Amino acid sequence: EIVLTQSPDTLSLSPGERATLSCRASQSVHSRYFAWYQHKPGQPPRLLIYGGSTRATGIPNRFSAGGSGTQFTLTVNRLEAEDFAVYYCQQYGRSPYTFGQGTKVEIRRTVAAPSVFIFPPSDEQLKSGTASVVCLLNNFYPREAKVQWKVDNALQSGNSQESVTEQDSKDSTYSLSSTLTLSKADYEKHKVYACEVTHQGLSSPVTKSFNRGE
């Protein structure tokens, strides 16, 4: 079964710029058995290209595609706002037909450091017998940000989960939560809790922390 691998994973571009998306197939596919789609959150996917290089109805000439063998490309000649979205290739050379994993094209803006906050477990949640520590990174750009948890200075691994909003429609920033989940028993066993954040807009990593019970 043919596996399609798209690259790069994400592009940060601005209207008027060119985007070039690539798709590697794990087996040779003939030039004419390829399609590309565009997909924005909350809306149905949209066909852009079929037959390797043919534009779908209504699709303007700024989109073009082609390729053969094990590499196919889509180029958006000069980006507009609606073009910021996820793009997928699809092969129909051989059943089962398959899609690539997607490449995101996102809006480039000026650097914005996160505003960083840490929230300890509430009394309520503790009484109920669970313990969640939340680290908030608010309104930042670019997307890349490293969040590390420390408990009594021991680096944490495998016990946190990050959630991230869509790029903001007005200001093109992201916000992110990192949530550290502990048994109440372990929470009670330690004192210092800390979220350390590394990001382009900070001159060095920022740590927010609290001492349990203070």
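Quick note: we count residues from 1 along the sequence shown, nothing fancier.
- A summary of the deposited B-factors shows that, of 157 to 165 and 182 to 190, the stretch with the larger mean C-alpha value is 182 to 190.
- Taking only CA atoms, the mean B-factor in the PDB entry is higher for 127 to 135 than for the other of 127 to 135 and 140 to 148.
- Across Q38, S177, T54, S28, the entry's maximum B-factor at the CA atom is seen for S28.
- Which of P121, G93, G102, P114 has the largest Cα B-factor in the deposited entry comes down to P121.
- Sort the chain's modelled residues by C-alpha temperature factor and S64 lands in the middle third, per the entry.
- Looking at the C-alpha B-factors along this chain, the one for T198 belongs to the lowest third.
- Sorting the modelled residues of the chain by their CA temperature factor places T98 in the middle third.
- When the CA B factors of the chain's modelled residues are split into thirds, the value for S12 lands in the lowest one.
- For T70, the recorded CA temperature factor ranks within the middle third of the chain's modelled residues.
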